[PDB]
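What follows is one structure encoded as structure tokens, with my remarks underneath.
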Amino acid sequence: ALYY
Amino acid sequence: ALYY
Amino acid sequence: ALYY
Amino acid sequence: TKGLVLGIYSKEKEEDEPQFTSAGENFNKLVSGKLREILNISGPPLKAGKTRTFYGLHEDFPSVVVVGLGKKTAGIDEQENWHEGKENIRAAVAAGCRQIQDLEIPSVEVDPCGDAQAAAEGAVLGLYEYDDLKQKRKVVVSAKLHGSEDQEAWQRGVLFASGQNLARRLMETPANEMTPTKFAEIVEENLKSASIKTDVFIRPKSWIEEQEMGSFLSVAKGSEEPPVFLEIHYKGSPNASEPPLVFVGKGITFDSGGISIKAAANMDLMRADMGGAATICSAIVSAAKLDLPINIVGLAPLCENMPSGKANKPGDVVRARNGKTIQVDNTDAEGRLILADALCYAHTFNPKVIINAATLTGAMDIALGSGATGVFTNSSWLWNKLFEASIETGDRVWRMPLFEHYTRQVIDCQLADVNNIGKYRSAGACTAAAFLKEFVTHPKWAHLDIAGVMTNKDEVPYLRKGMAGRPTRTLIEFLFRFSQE
Amino acid sequence: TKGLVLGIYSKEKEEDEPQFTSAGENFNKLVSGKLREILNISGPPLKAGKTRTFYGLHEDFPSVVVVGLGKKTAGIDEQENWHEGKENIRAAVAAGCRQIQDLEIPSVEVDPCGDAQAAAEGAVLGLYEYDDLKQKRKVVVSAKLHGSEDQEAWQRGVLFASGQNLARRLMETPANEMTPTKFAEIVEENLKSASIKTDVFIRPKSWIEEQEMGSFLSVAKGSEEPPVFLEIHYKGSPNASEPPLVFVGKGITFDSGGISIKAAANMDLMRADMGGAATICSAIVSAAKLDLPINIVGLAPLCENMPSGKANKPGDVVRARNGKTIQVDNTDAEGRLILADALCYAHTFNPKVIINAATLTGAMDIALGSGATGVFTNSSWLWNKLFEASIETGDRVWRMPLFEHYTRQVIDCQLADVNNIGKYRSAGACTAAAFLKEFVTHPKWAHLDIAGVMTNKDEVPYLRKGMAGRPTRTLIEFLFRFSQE
Amino acid sequence: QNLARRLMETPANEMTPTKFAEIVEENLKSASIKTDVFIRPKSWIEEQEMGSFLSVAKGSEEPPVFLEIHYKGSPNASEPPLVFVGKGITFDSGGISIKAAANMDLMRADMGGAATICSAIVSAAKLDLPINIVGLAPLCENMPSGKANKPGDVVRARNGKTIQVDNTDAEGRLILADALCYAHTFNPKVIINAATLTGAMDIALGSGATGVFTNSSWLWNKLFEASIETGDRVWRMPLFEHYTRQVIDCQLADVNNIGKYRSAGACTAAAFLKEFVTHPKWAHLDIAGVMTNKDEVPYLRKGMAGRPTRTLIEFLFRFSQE
Ligand SMILES: *C(=O)[C@@H](O)[C@H](N)CCCCCCC
Ligand SMILES: *C(=O)[C@@H](O)[C@H](N)CCCCCCC
Ligand SMILES: *C(=O)[C@@H](O)[C@H](N)CCCCCCC
Ligand SMILES: [Cl-]
Ligand SMILES: [Cl-]
Ligand SMILES: [Cl-]
Ligand SMILES: [Zn+2]
Ligand SMILES: [Zn+2]
Ligand SMILES: [Zn+2]
Ligand SMILES: [Zn+2]
Ligand SMILES: [Zn+2]
Ligand SMILES: [Zn+2]
């Protein structure tokens with residue numbers, strides 16, 4: 001998952 | 001459609 | 001400080 | 001055992017105290033003045049859309065929520081282009097019903113507040129939530145008119161709100177459930193429940209190919225989900241040969257952008273890229289429920305827009321049903337591609353009017369946000385009919401320009417007759433409308449870009465957060481007035 | 001004429017009905033059972049943090065808000081590292097007080113709910129809003145203990161909450177008002193009002209230069225706003241020569257990033273880049289208000305970080321007070337520059353402990369968000385004291401690592417002894433902490449990166465949206481326990 | 001650890017779900033005959049109603065497998081096992097929520113969770129540890145295509161909870177939901193999962209230490225003590241309802257697969273996993289920050305690190321002695  |  |  | 005929602009107006013300068021509606025004053029009489037007494041004790045007056053809850057006033061209504069209706073005589077506000085009184089009622093009744101629901105009360109009776117249709121709209125729109133997929137849900141609330149005098153207007157409000165809620169359901173549902181096929185099946189069952197004077201054709205890929213809809217096919221092919229072309233007929237006119245009104249809706253069931261792929265952020269909202277199809281189909285279902293004495297055809301090209309090893313590639317040239325070639329410079333301008341073919345097909349019905357709706361451009365959201373649906377039309381008669389309908393419903397429309405200035409920026413095209421994205425970033429909703437106009441010869445056509453009204457946060461007080469199903473009620477009101485003429 | 005907030009617990013399996021607090025049960029007695037009767041009629045039980053309002057129960061309390069306190073016996077929750085009962089009370093009382101305020105009632109009495117300090121914290125934190133600059137404001141609410149038995153604990157809660165609200169005020173105020181000079185003057189007046197055993201020195205640029213604070217000066221110079229070095233003494237020990245505890249806070253009154261300029265989006269929140277100074281200064285004010293028998297020194301370098309024709313340029317090399325050279329590769333890593341010089345100065349006091357706080361890194365917000373303040377410390381004794389204090393206050397802390405692994409990434413430096421931004425994006429809060437550690441020789445030092453706890457949306461139920469002033473109360477509790485030992 | 005490094009470094013067109021399962025199978029079987037391996041196919045995954053895992057795998061033409069490995073080391077065959085679970089995304093493109101090009105090749109190591117837990121079990125078998133251990137690794141690719149997960153889609157996990165897939169690149173928590181559910185069917189003594197789960201973990205602690213989220217301080221302390229000996233450090237990160245609230249706040253479904261905010265990404269990812277766990281001794285290890293070494297660990301050359309394999313082995317060894 002990336003942030004964001 | 002996006003801009004742009 | 002930012003990343004990055 | 002039930003909850004009760006009652007209205008109170010703001011105090012006028014000449015009144016000694018704020019006035020209840022008829023139903024509020026009668027309930028106060030029934031409880032020997034205890035409602036007015038407790039409202040007085042509770043402190044400051046209730047302003048428009050505000051609520052206050054009183055317990056134990058009557059054995060049959062353990063919870064009574066009084067709601068502020070604002071100025072009794074609020075009518076058309078020329079600075080807002082709507083009927084303010086109706087908007088006050090929808091907001092206040094929605095707020096009262098939410099409070100009853102939070103108390104876990106399954107049944108509520110609602111003050112007609114001098115306009116039972118607006119009251120019903122506030123309750124039915126206000127309570128709606130799409131929660132089919134959640135284990136934890138709010139109590140299901142059954143709202144009914146308080147009293148037996150305003151029944152037709154109350155049910156008319158229920159019908160209008162239910163039409164919009166159908167569109168909200170269709171828009172909110174995740175796209176892996178709401179496929180082109182599923183959408184078509186749900187609209188079919190709703191239309192058929194509404195009237196037997198109805199035909200529905202869920203036209204498959206083979207029919208789309210036979211109809212030479214190359215522009216629509218080029219969008220659908222990237223995805224493994226089968227496309228359908230939904231065609232719905234409502235035969236309400238007493239004369240079977242009376243030319244129909246034709247509605248067209250963009251039914252992109254999920255828009256990833258395709259090879260011109262969208263950024264990740266909030267891309268989930270693109271499950272509502274079939275909102276054009278949802279609102280026009282829902283309006284037709286409601287027209288059928290209303291028995292309107294008019295012939296109506298609904299057309300909705302439905303497919304996904306996905307990247308893959310067979311998807312539209314930037315620069316590709318596709319042939320629309322009318323034989324015009326389109327250079328697909330941006331695969332995320334896919335709504336105008338599918339509409340080109342549906343608009344062409346629309347002309348084959350000899351329609352009286354052609355109205356299309358589409359969640360078409362980000363530029364429309366930048367232009368007017370959720371304040372109003374943008375309407376591009378070659379007919380000021382048609383503009384004015386939609387505008388007048390919108391005043392009544394409160395679901396506002398705002399005219400946007402069809403000028404050759406924008407046309408010139410889409411027919412300036414390296415490979416083909418028209419380019420599917422403008423030469424410049426400016427006026428994206430206007431050049432999108434100009435592209436559509438290249439597929440229209442009809443003298444009473446309106447294009448509604450509803451991208452800005454696709455969702456609600458808190459702007460419309462009587463819609464909870466989520467897909468908005470706007471401007472379904474304005475379309476219904478337009479059809480109703482057209483049928484009376 | 002006043003409002004009243006009363007608690008009720010969740011029903012235990014062996015009880016026939018949910019139990020009031022002592023104050024709720026006594027009020028119910030006073031109104032001949034009408035409170036229990038109306039609560040029963042009103043429907044479902046009140047769960048933790050939920051509220052319900054009853055009108056006209058008693059001539060002196062036209063509005064009574066009952067608030068759900070959760071499980072009576074809720075104590076330390078080992079899965080949340082806090083005292084759950086106290087957190088339930090703060091949330092419920094805040095919710096009750098907000099409801100009284102919405103009814104425009106200027107006076108409220110508050111059930112101590114079996115822990116008057118937590119109740120006072122919920123009310124005082126819960127009601128706080130920074131609205132000095134707005135024409136339209138909520139009614140000012142005066143909250144007081146209901147009853148006369150728990151007064152010291154009630155006032156202790158008021159004092160703790162007021163210390164945090166001071167920090168919130170200092171953080172929220174716009175930076176064109178809250179300049180280095182203004183911040184220093186407001187802390188001065190608050191500290192002096194708290195105790196006469198206090199010295200305050202608002203040290204000017206000339207003193208900063210005399211103290212060879214080249215790293216701090218390099219940040220301040222881009223802006224035309226004069227820098228100050230705030231030094232505050234609270235002489236609470238009975239022995240004047242007892243070594244002090246020293247607190248240090250980053251006081252960047254506005255952070256634009258400087259030449260390494262920040263993006264526009266939400267840059268206004270950088271008015272709170274003096275939150276480190278705000279929380280440590282506020283904690284010292286509260287310690288003085290508490291008369292704690294300890295010597296404390298507070299140090300806060302205050303300046304703006306702005307781009308201009310005299311600002312820090314990437315690559316510049318500056319000399320810290322301790323003689324170490326720093327390569328300023330990123331001018332938006334300015335907090336560690338000003339802290340280098342303040343931390344050096346901190347050692348001159350012969351302190352028992354050195355604790356610094358700073359809104360230091362975006363990486364800290366990515367790491368733990370607003371769940372807890374990140375604590376980097378070379379002393380597990382000191383970690384455990386801060387952790388234990390945090391359990392009581394509910395304003396949680398979470399330990400983060402000081403390892404030479406991160407040090408190696410900041411002393412790897414092309415031009416100078418240490419680089420002010422790491423060689424890599426990874427672990428930004430940890431390499432920032434390692435940079436600070438190069439300016440510390442003391443064996444009991446803790447660095448608190450409070451960037452993630454700078455604001456509240458809704459995460460802490462008893463703080464309205466805005467600057468949070470966290471973790472002021474945990475610092476106060478730490479000082480209080482240290483003084484008792 | 002080198003086995004895990006091999007499994008992580010190998011290019012994803014070679015290290016497919018099937019190939020990974022076959023290599024772990026041969027290593028485990030070489031280690032001990034007291035071993036069963038089931039390379040469970042798509043049909044079994046479907047029978048097991050693992051809708052969340054299936055939704056990730058379907059975008060790619062590469063067949064998914066659910067690797068289940070048993071090491072029967074206890075003298076009592078009925079002794080409840082320790083269960084390890086590893087995220088086995090053999091390549092993560094992000095899917096429709098597609099990643100940027102830069103350094104995307106490192107996503108061949110998005111099966112590092114499966115690599116480290118499987119390798120630790122192989123080593124436990126080589127050590128003859130007198131304990132029963134089960135390893136579970138959902139393996140698939142995450143690719144964009146005309147059948148991939150679409151943002152907003154809602155999928156049903158094995159436990160019946162619905163998940164709104166707002167970001168298709170938060171796929172590790174989707175596949176772990178179903179594997180964690182399955183883990184409970186073994187009556188385990190402990191459940192430990194590992195995953196290269198979030199960029200936020202790398203921003204939080206980098207390669208200094210693996211982030212450990214656990215509902216058991218006993219379990220934290222055992223992993224921490226093991227890590228002191230191995231030098232392959234762990235660092236505790238919080239499981240608080242504060243983060244849970246940000247994932248169960250969900251427009252369409254029971255839980256949302258990405259938080260409402262950017263903040264604390266590793267913590268909200270851990271909170272999402274916790275919605276699929278009822279067991280009282282569970283630990284989630286987010287190893288995204290320790291996936292690679294440049295020069296930080298002096299005794300690992302540049303490349304995939306296979307951390308924290310040795311800390312897991314040391315933990316199992318001490319647990320077996322008690
Ligand atoms: C979320 O995007 C996860 O699915 C990714 N596997 C996280 C990868 C983070 C890598 C950071 C270290 C290079
Ligand atoms: C162009 O990209 C269209 O195909 C999209 N459906 C437009 C979506 C605009 C959404 C704006 C409101 C959130
Ligand atoms: C580095 O840029 C520091 O100088 C900034 N003050 C960090 C601000 C981080 C804010 C994150 C929470 C909104
Ligand atoms: Cl378009
Ligand atoms: Cl910094
Ligand atoms: Cl994830
Ligand atoms: Zn599009
Ligand atoms: Zn679209
Ligand atoms: Zn900065
Ligand atoms: Zn800063
Ligand atoms: Zn991913
Ligand atoms: Zn991944």
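Note that these values count all heavy atoms, side chains included, but never hydrogens, waters or copies made by symmetry. We count ligands from 1, going down the list as the structure has it; atoms in each ligand are counted the same way. Naming convention: chains lettered A, B, ... in sequence-line order (proteins, then strands); numbering from 1 in each chain.
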- prompt: So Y345(D) and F229(D), ring pair (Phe, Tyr, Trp, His ring centres under 6.0 Å) or not? Walk me through it.
  reply: CA-CA 11 Å; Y345(D) 185 61; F229(D) 192 104; 5.6 Å; yes
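Around the Zn ion (ligand 11), the protein contributes the following N, O or S atoms at distances under 2.8 Å: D92(F) OD2, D169(F) O, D169(F) OD1, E171(F) OE1.
Salt-bridge annotation for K147(F) and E61(F): present, with a side-chain N of the basic residue lying under 4.0 Å from a carboxylate O of the acidic one.
With sequence neighbours excluded, the residues satisfying ring pair (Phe, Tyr, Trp, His ring centres under 6.0 Å) with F213(F) are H284(F). Among residues two or more places apart in sequence or in another chain, the side chain to side chain contact (heavy atoms under 4.5 Å, CB included) test is passed with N419(D) by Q327(D), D329(D), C413(D), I421(D). Every residue meeting the side chain to side chain contact (heavy atoms under 4.5 Å, CB included) condition with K42(F), not counting sequence neighbours, appears here in chain and number order: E46(F), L54(F), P64(F).
In summary, of the residues considered (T359(D), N356(D), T361(D)), a side chain to side chain donor-acceptor pair (under 3.5 Å) with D449(D) occurs for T361(D) alone.
Look at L197(F) and the Zn ion (ligand 12): no N/O/S atom of the residue is under 2.8 Å from the metal.
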